[PDB]
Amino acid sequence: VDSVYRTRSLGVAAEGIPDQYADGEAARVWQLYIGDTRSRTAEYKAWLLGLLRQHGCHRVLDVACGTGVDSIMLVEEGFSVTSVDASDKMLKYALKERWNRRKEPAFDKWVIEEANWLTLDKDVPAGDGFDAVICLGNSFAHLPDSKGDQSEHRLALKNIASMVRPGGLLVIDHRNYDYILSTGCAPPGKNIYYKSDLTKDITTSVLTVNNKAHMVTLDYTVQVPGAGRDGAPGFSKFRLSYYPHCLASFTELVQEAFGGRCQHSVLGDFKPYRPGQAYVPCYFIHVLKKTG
């Protein structure tokens, strides 16, 4: 018989006071980290828009909304964007931006909802489905596999696909985990979508359970400018984890998601990718095409 009475239950709030670990030295950096968001890559801009237009799909579904930068560019670019995400900590940043630009017809017609890839089915009305669904930024790797059988993976995937209209497109990516798993390192400065103007340091931790890799953990040591003595910066650190997804595993995974009635194709970093390829991609973007 022991005891450890804690002030407030975990996951509950009180007005007047900041949410639990909301202002920890680790939450602060991650904040100004998820904010290094804006400095997007031309290659990224020119690729997504061109791919988007080239197939004439207008109704886009972003199932990994987040701060809402991918979607804000789609909103500006004229597509019918509906953004969804499971983290209300992230979504808060999209809605903030929207409100500001609510005066803009486009931004006002912008739909930012909340949803989980595992409940997506009963989280977003599909109806006819959407022209295109995007899940970029290596975001599918955030969802872990507790049961070890990747049952939740197939579900998240199954669901996200059902959001795809027949003829619709699915642009889903993942980091080159084959490479990081092989080398045992996932260094900063490879993100193809948004150039991080933030200097960093990353310690890669790879965990294998009974020989099967199960998780890749990243400990970041960000050099926060101005948080130092005389102009000097500060060094805070935060931690995030992902599931090491191998190109092979994913390719078939994402495929059974459509039950086969699909059209698969894998891009190198943004360019076409063919095995044995001389160039090692830092990301693996899968673009699917539902049959019916």
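Residues carry their position along the shown sequence, with the first being 1. By rigid core we mean the largest C-alpha set that fits within 1.5 Å across both forms.
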item: In 6 other deposited structures of this protein, rigid core aligned: more displaced of 164-172 and 144-152 by C-alpha RMS; value: 144-152
item: RMS Cα shift after core superposition in 6 other deposited structures of this protein, winner of 197-205 and 88-96; value: 197-205
item: Other entries modelling both neighbours but not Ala227, at least a third; value: yes
item: Between the two ranges 159-167 and 196-204, the one averaging a larger CA B factor in the entry; value: 196-204
item: Mean C-alpha B-factor comparison - 180-188 and 78-86, higher one; value: 180-188
item: Out of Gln223, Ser241, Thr67, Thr251, highest CA B-factor residue; value: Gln223
item: Selection from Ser146, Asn116, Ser139, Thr217 [criterion: highest C-alpha temperature factor in the record]; value: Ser146
item: Record-listed C-alpha B factor of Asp230: chain third; value: highest
item: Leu288 CA temperature factor, ranked by third within the chain; value: middle
item: Chain thirds of CA B-factor: placement of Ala278; value: highest
item: Relative C-alpha B-factor of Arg28, binned into the chain's lowest, middle or highest third; value: middle
item: Entry-reported Cα temperature factor of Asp121, expressed as the chain third it lands in; value: highest
